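This document starts with one chain, in the form deposited in one PDB entry, laid out as structure tokens.
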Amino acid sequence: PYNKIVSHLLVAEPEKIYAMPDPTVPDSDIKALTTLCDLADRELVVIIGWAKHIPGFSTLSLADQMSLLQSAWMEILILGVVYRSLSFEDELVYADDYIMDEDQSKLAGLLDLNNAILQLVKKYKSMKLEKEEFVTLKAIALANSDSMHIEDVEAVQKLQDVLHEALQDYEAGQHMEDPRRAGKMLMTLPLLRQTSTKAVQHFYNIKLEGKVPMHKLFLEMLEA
């Protein structure tokens, strides 16, 4: 039987979300970016709800909740896309109704970025990443997000340790064939940070945030 943290993360895992592109609009770069914005906004709503079910998270200060989300939001988005794309070949499943191939990535101006995201997909395919590992890694990505402005270092570090421990216990219980599997999972996190870093700077480069700063969006969602 799974440890309570992993099983809790499984029940907290949000339902499928759809991109729902406008069928009346001819495919273009603008259409793709519009659709991705629409998708991401819907996702961010449930990601904030999800974070508040990560044990420890809701009892941190508003400031610390905000810092972790500010630093990790794109990693969580991308990691979901990666998990969704595992049974596919050279394709990114943003949603069940929105799957982007190489050509479509080029048109959207996302080729180099999604190439790196396909690297992640490739690496998780060979490790045969399970859903339990995925939700836990997502939580760890949030907690291990390296914000510069943490107020309660001990609480955040305890949260990291709690989630690391949960991973390690799951691997000890479910993958005795590989005593080093948990560490292999943690070693995938640098490429996640890398691509997320490049995504976030592309995000600001082309001004997809709009007229309202992310900080202001998160504060709205967190105190709703």
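For clarity, a rigid core is taken as the largest C-alpha set superposing within 1.5 Å between two forms. Only residues modelled in both forms are compared. In case it trips you up, residue 1 is the first one in the sequence shown, and so on.
Not on display, but discussed next: the form solved in complex with a partner chain.
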Notebook entry, point to check: For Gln65, is any heavy atom within 4.5 Å of its partner chain in the deposited complex, or not?
Noted result: yes
Check: Can you check whether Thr59 is within 4.5 Å of its partner chain in the deposited complex, heavy atom basis?
Finding: no
Notebook entry, point to check: Does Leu217 reach its partner chain in the deposited complex, with heavy atoms at most 4.5 Å apart?
Noted result: yes
Notebook entry, point to check: With a 4.5 Å heavy atom cut-off, would you call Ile54 a contact of its partner chain in the deposited complex?
Noted result: no
Next item on the list: Name the residue from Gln70, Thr34, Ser28, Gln174 that puts a heavy atom within 4.5 Å of its partner chain in the deposited complex.
Entry: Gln70
Note to self: My question is whether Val11 is one of the residues whose C-alpha shifts by 2 Å or more between this form and the one not shown, given a fit on the rigid core.
What the structure shows: no
Item checked: Rigid core superposed: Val200 CA moves 2 Å or more between this form and the one not shown -> no
Check: 2 Å or more on the CA of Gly210 between this form and the one not shown, with the rigid core superposed, yes or no?
Finding: yes
Note to self: Can you confirm the direction of the Cα distance change for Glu209 and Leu69 in the deposited complex, closer or farther than in this form, given it is 3 Å or more?
What the structure shows: farther
Notebook entry, point to check: Versus the form shown, are the CA atoms of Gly210 and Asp64 closer or farther apart in the deposited complex, given a shift of 3 angstroms or more?
Noted result: farther
Margin query: Tell me which consecutive stretches, at least 3 residues long, show Cα shifts of 2 angstroms or more between this form and the one not shown after the core superposition.
Written below: 208 to 224
